[PDB]
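Below, in structure tokens: the form deposited in one PDB entry, a single chain.
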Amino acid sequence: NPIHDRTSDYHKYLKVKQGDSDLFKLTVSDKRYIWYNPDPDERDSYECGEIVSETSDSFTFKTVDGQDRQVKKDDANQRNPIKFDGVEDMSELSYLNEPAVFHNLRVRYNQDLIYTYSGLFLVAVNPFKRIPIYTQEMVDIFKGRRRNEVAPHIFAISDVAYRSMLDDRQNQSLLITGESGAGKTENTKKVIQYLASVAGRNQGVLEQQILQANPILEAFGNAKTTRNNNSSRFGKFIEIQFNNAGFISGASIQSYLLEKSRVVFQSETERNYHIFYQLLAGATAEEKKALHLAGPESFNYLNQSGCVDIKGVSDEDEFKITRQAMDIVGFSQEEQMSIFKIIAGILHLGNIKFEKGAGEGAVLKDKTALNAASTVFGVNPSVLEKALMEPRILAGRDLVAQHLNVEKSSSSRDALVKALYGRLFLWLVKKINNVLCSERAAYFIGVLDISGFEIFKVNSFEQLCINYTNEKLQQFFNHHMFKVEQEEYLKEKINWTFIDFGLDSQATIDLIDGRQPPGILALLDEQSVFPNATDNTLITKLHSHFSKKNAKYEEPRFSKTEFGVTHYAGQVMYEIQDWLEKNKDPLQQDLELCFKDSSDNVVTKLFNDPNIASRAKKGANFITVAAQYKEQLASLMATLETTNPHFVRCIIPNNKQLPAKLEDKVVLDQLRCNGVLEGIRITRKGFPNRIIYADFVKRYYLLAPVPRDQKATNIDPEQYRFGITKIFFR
């Protein structure tokens, strides 16, 4: 038993190293310590000091340098006894304080132990390096073990969810939180791997396909951002489905909010979606020929950030992986080819150069890019050109051709690319889901991997929707961990004295998505269907409604085009530029007519399938992006509310994507804003386990002298409470 064998990889990689003679000595010391701030300005940088004296209300301690300091016992952050250093469950700590919590995570991190329990949920600190803890052998160990019998691991939280599914015959969810680059997506992948393994029908196809969906989605939905070289630029809710038996019956992926604008624009040093680089790199010369491709430097859509490659990554090699995945998922050779033609057409489109013509309306002097694109997409070039520069619209009922200028024509070509891309993405997912749909699921374990909280020099509409989503997910944790928990206690009249954990994202949530009074999204929507609205009228309106009126909102004095929102993770300044267009998400209809006529089977679907091509209508207008997403999100949350949730809090160690470099301020801000300590305090202070008397009696009347057919209901009364319908236990 590797679990017992100090020589096992399990022991080696998942357990705290045996401390030494000396350590033993320090461990038995009678000395007492405190965590303190050598510099009170830097409240997150602590030192260890020996408590030398004490009064009824204070502690006197020595500082590093050796000097002595005094503190109210009240404000003291006592250091836990060293035997606690590296503890698997921080709820065991005697002293629950910031520096102590960070310390324990630091101890574990320093020996490559990235997983640590915080009471009922898991904390995962990104290592920024490979740790061999995810092998089959590793998986095998977790298999069916109680959380308590094994070390903290994403596999273990996965097993528990799985057991709870089968035990309670209830659906579950694995909610993995974190800011951008925290490790949500790596963890998610581990969750899937585990489930596939432990509930996989052995004798691995459905299962491998489930697995294989991954690289396809990431090649098309991930990109290098300044915070993450493999940033998920869309969110996903993966439903792992199981039959009555507990075997994996299927899976389903729901995608959210693809950052379509990345296809046409990328900030300095970032990348466009990986796929673009994989194709250019992994394409054959025969393919490169037929697609009229060159290197990324030859394309405006890939040659503006200053970055075409990611250290340690081989686009050409990933291309092969993407392709095999498509192969395993089942995409036909023809399908794949159309897929690449679409990518290639996008690239050429991007190369179209509009020029001012006669007067205002634009002209296209060189048709190379235009012809190349038309040729790969299987659409008519003149038709496409007219659709770009002179699209037709109704003026009342009259039909008028517009004559767009250089700026509008480019924006339109951009809009066409974005729709091509977003719809291709949706098609890839739908294609994947259809392959994976083969059973009327008895249960599911849903894994949520969203784009996490992010802040850039320029935060736009995409950032707002992302951060809003992260704010809602945090609220869901708050709700679950504290709101609902206490209500049960209070409900069951167990004499719980309500505690205010001080964590509440409601006000921020409301500021954003409130109806009445209207929040930011409501106002954006109103202005969005207002004929004379401009980004300027929009911002003015936001300010008029929230400036000096909403606590979570700020109208900055240093800018006229930005507004600030105070999220759980920090305040973010948003630039209003393009918001109406972004919310409206327009696309000239003549563009769509051009594409519905494509000789390409895939292109056709993107434009002809109402599942992909159709826009929903809200009265006299089509639905906006905001309303639409707000709705998707609300629906997600409702679904989650029907599951038994398990939280994984991913923690980023620093902002450099470096291993072995745990930054205290970095980590502490996350622990603070995620509600980690409060969450530990609740686990401690309260009563996790509870059972209705009758299901308790019925279940086991056997330990009894007691019938099977409440009050009657030895074991110690310290760890138990008597509720009004159930009894509670620790």
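Basically, rigid core = biggest C-alpha set you can superpose within 1.5 Å across the two forms. Numbers follow the displayed sequence, beginning with 1.
Absent from the display: the form deposited in another entry. The rest refers to it.
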Any idea which of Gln241, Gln474, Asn80, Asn126 has its C-alpha shifted 2 Å or more between the shown form and the other one with the rigid core fixed?
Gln474
Core-superposed C-alpha of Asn689 shifting 2 Å or more between the shown form and the other one
yes
Core-aligned C-alpha movement of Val667 between the shown form and the other one, 2 Å or more
no
Using the core for the fit, does the CA position of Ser451 change by 2 Å or more between the shown form and the other one?
yes
So the Cα-Cα distance between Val160 and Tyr700 shifts by 3 Å or more in the other form; is it shorter or longer than what we see here?
farther
Are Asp20 and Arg108 closer or farther apart at their Cα atoms in the other form than shown, with the shift being 3 Å or more?
farther
